[PDB]
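A short write-up of the structure that comes next.
Every heavy atom of this structure was used, including side-chain atoms; hydrogens, water molecules and symmetry mates were not. Order of the sequence lines sets the chain letters (A, B, ...), proteins ahead of strands, with each chain counted from 1.
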There are 2 protein chains.
Amino acid sequence: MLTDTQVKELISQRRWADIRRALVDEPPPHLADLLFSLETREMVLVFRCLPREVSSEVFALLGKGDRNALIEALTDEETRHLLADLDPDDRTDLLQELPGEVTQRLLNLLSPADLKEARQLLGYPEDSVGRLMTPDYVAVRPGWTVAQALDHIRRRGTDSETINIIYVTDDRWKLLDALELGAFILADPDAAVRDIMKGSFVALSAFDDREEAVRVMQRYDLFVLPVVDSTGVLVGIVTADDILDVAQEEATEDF
Amino acid sequence: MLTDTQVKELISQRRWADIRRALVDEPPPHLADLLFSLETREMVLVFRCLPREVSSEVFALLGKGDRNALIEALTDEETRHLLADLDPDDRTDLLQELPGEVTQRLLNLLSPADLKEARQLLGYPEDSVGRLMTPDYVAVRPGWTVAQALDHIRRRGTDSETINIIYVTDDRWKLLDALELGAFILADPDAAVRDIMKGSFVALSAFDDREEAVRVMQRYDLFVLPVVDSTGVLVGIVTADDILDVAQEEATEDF
Ligand SMILES: [Mg+2]
Ligand SMILES: [Mg+2]
Ligand SMILES: [Mg+2]
Ligand SMILES: [Mg+2]
Ligand SMILES: [Mg+2]
Ligand SMILES: [Mg+2]
Ligand SMILES: [Mg+2]
Ligand SMILES: [Mg+2]
Ligand SMILES: [Mg+2]
Ligand SMILES: [Mg+2]
Ligand SMILES: [Mg+2]
Ligand SMILES: [Mg+2]
């Protein structure tokens, strides 16, 4: 419960260790509130005090002004480190909102694989599902056993957007099913994944409009939706937290 | 992919078995679409053909007119069976929208424990979180081991709204934490639940406005939120599918 007043005094006293200790374990939304209530110079300073695992989350929560100001201020390495750790859809959201030359130097701060990822995601139309989606889903093969699937989920879990739905893909990565995480812990560990499939699923197109993601998510009452290309290959997922934001970006735009 | 045309012919032929076979494994939203495109007499007839485990889901998806017409038409036992199987928040949604004497005979069709449940949930203010919430969450004790928690989740899973977040409560059922299901499958089965708690959580009040559920869910990017009473006792949960509906009931009401 550290206030704008207490941080600004600690800054004035150059009590940098006390600041970093005071920021430990604060929820990212609460850190985003503090950074907003600060003035630009101190907001930039407190942001750099954060561990990079925290500051990437907080960055995604900031307003456009604070976000843009913060981009105008961090160094090349600090920026490079934010772009690496941002979730791919959050990385896209920044690049579509920034001016061209700024997005372009940002792009040059990405690693080759991250450049290819970011290039692909910005390449879907604006207001498309492809541009809302993240490729950090967890997928399993139909021929794996449930125990093997569970070891894959455990290895890959925290590095991924969500594990609450697990996707099944074939060898050519085409989407076969969408399974709740619970199905794997209710099932017999020696059963194949194919034993717990129903073979029916809802999926979006990457070229769907963002509002279709809202309509489809309301229709089927799911918290995550897979996105497939024209051949049925799984290319990413969209999650309910981002879809709720779309619902009220689109709602106010109607007003 | 059974159409309004094919069902109406089967009805005219009195091919009731063929109808029940044609409805097997159709997603509830697709059944709700078919029932809407029908006329009232056939919609009521096809609804009764459904297994009660299906028809309860479909009922929650229907429009107010079709829903109300269907209440005017099912028998006392058929109504009794719908009210039992409806999720408690979906049961509330029907009772707050129906006229008084109709809600009152409905109430008399409930079992004692279901009457006490429904009475309590309608007793929160209209437009409150209490009236959005369902008590069908899954909770564990902090002193249980992860293996014991996992057996409780398995016993209680499909009878509950979601298992994607598991709540920790003490002996007096006060909320101690909110844990992702993944935490239990990553953890050592012999660890206590208290070993995987962080002891911090977001919770709503039952007397919060429905729009606060929207604001809090957007703020913390969660798919489920617990609801606590003034003493901190867990009383229910709200889920993102219902909150997305609130967001656009409230959005259009602004327009
Ligand atoms: Mg994110
Ligand atoms: Mg548009
Ligand atoms: Mg990555
Ligand atoms: Mg819905
Ligand atoms: Mg996201
Ligand atoms: Mg519009
Ligand atoms: Mg429901
Ligand atoms: Mg209101
Ligand atoms: Mg019940
Ligand atoms: Mg949010
Ligand atoms: Mg519900
Ligand atoms: Mg309003």
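- Under the 3.5 Å distance criterion, the side-chain polar atoms of B:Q148 are matched with a main-chain donor or acceptor of B:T145.
- Using a 4.0 Å cut-off between a side-chain N of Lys or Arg and a carboxylate O of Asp or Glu, A:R219 and B:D33 qualify as a salt bridge.
- Ion pairing between a basic and an acidic side chain is recognised when a charged N comes within 4.0 Å of a carboxylate O; A:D151 and A:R154 show such pairing.
- A donor-acceptor pair under 3.5 Å is absent between the side-chain atoms of A:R131 and the main chain of A:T92, judged by distance alone.
- Residues B:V140 and B:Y167 form no side-chain contact, since every pair of their non-hydrogen atoms from C-beta on lies 4.5 Å or further apart.
- Using a 4.0 Å cut-off between charged side-chain N and carboxylate O, A:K174 and A:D229 make no salt bridge.
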Run the numbers on A:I71 and A:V102 for side chain to side chain contact (heavy atoms under 4.5 Å, CB included), then give the verdict.
CA-CA 9 Å; A:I71 293 290; A:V102 170; 4.2 Å; yes
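- Side-chain contact between A:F223 and B:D241 is present, with heavy atoms from C-beta onward closer than 4.5 Å.
- Inter-residue side-chain proximity for B:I243 and B:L132 is flagged as met; some heavy-atom pair is nearer than 4.5 Å.
- Comment: A:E249 engages A:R210 in a salt bridge, judged by a side-chain N to carboxylate O separation of less than 4.0 angstrom.
- Remark: the backbone N or O of B:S205 is paired with a side-chain donor or acceptor of B:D208 at under 3.5 angstrom.
- Counting heavy atoms from C-beta on, the side chains of A:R172 and A:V233 never come closer than 4.5 Å.
- Of the N and O atoms on the side chains of B:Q248 and A:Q248, not one donor lies less than 3.5 Å from an acceptor on the other residue.
- Using a 4.5 Å cut-off on side-chain heavy atoms (C-beta onward), A:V246 and A:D242 make no contact.
- Taking the charged nitrogens against the carboxylate oxygens, A:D18 and A:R21 do have a contact shorter than 4.0 Å, which makes a salt bridge.
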List the steps and the verdict of side chain to side chain contact (heavy atoms under 4.5 Å, CB included) for A:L179 and A:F184.
CA-CA 8 Å; A:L179 299 174; A:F184 296 85; 3.8 Å; yes
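- Minimum interatomic distance between A:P125 and A:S128 (heavy atoms only, all atoms of both residues): O-OG, 2.6 Å.
- Between A:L45 and A:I11, the closest side-chain pair of non-hydrogen atoms falls below 4.5 Å.
- When all heavy atoms of B:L175 and B:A203 are compared, the closest pair comes out as CD2-CB, 4.3 Å.
- Considering CD1 of A:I153 and CG of B:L186, their distance stands at 10.0 Å, rounded to 0.5 Å.
- At least one donor-acceptor pair closer than 3.5 Å links the side chain of A:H152 to the backbone N or O of A:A139.
- Here A:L2 contributes atom CG and A:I19 contributes atom CD1; the two are 8.5 Å apart, rounded to the nearest 0.5 Å.
- Rounded to the nearest 0.5 Å, atoms CG (A:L95) and CG (A:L121) are 9.5 Å apart.
- Closest non-hydrogen pair, A:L34 versus A:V7, comes out as CD2-CG1, 3.9 Å.
- Taking CG of A:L122 as the start and CG of A:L107 as the end, the distance is 6.5 Å to the nearest 0.5 Å.
- Under the 3.5 Å distance criterion, the side-chain polar atoms of A:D177 are matched with a main-chain donor or acceptor of A:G199.
- Two residues are said to be in side-chain contact when any heavy atoms from C-beta on lie closer than 4.5 Å; B:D221 and A:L61 meet this criterion.
- The minimum heavy-atom distance between A:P88 and A:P135, with the atom names listed, is CB-CD, 3.5 Å.
- Under the 3.5 Å distance criterion, with hydrogens and angles disregarded, a donor-acceptor pair is assigned to the side chains of A:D93 and A:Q96.
- Under 4.0 Å is where a charged nitrogen must lie from a carboxylate oxygen, and between A:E97 and A:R67 at least one such pair does.
- Annotation for A:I237 and A:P226: closest pair CG2-CA, 4.0 Å, computed over non-hydrogen atoms.
- Counting only N and O atoms by type, the side chains of A:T169 and A:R141 include a donor and acceptor under 3.5 Å apart.
- For the atom pair A:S37 OG and A:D4 CG, the distance stands at 4.0 Å (nearest 0.5 Å).
- Judged by distance alone, the side chain of A:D87 and the main-chain N or O of A:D89 form no donor-acceptor pair under 3.5 Å.
- Atom CD of B:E180 is surrounded by 12 or fewer heavy atoms from other residues, nucleotides or ligands within 6.0 Å.
- Atom CG of residue A:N164 and atom OG1 of residue B:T162 lie 7.0 Å apart, to the nearest 0.5 angstrom.
- In terms of modelled atom types and a separation under 3.5 Å, the side chain of A:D159 and the main chain of A:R156 share no donor-acceptor contact.
- Side-chain atoms of A:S12 do not come within 3.5 Å of backbone N or O of A:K8 as any donor-acceptor pair.
- A tilted orientation is assigned to the rings of A:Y137 and A:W173, their planes being inclined by 30° to 60°.
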Between A:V146 and A:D195, is the side chain to side chain contact (heavy atoms under 4.5 Å, CB included) condition met? List the steps.
CA-CA 9 Å; A:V146 169; A:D195 294 336; over 6 Å; no
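- For the residue pair A:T3/A:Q6, the side-chain donor-acceptor check at 3.5 Å is satisfied.
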For A:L150 and B:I185: C-alpha separation, side-chain torsions, deciding distance, then whether side chain to side chain contact (heavy atoms under 4.5 Å, CB included) applies.
CA-CA 8 Å; A:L150 276 179; B:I185 76 171; 4.1 Å; yes
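- B:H30 and A:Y220 have perpendicular rings, their planes meeting at more than 60° on a 0 to 90° scale where under 30° would count as parallel.
- Here the shortest heavy-atom pairing between B:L181 and A:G182 reads CD2-N, 4.1 Å.
- Of the possible polar contacts, none joining the B:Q218 side chain to the B:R215 backbone as a donor-acceptor pair under 3.5 Å is found.
- Contact of the A:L50 side chain with the A:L23 side chain is registered, since non-hydrogen atoms from C-beta on lie closer than 4.5 Å.
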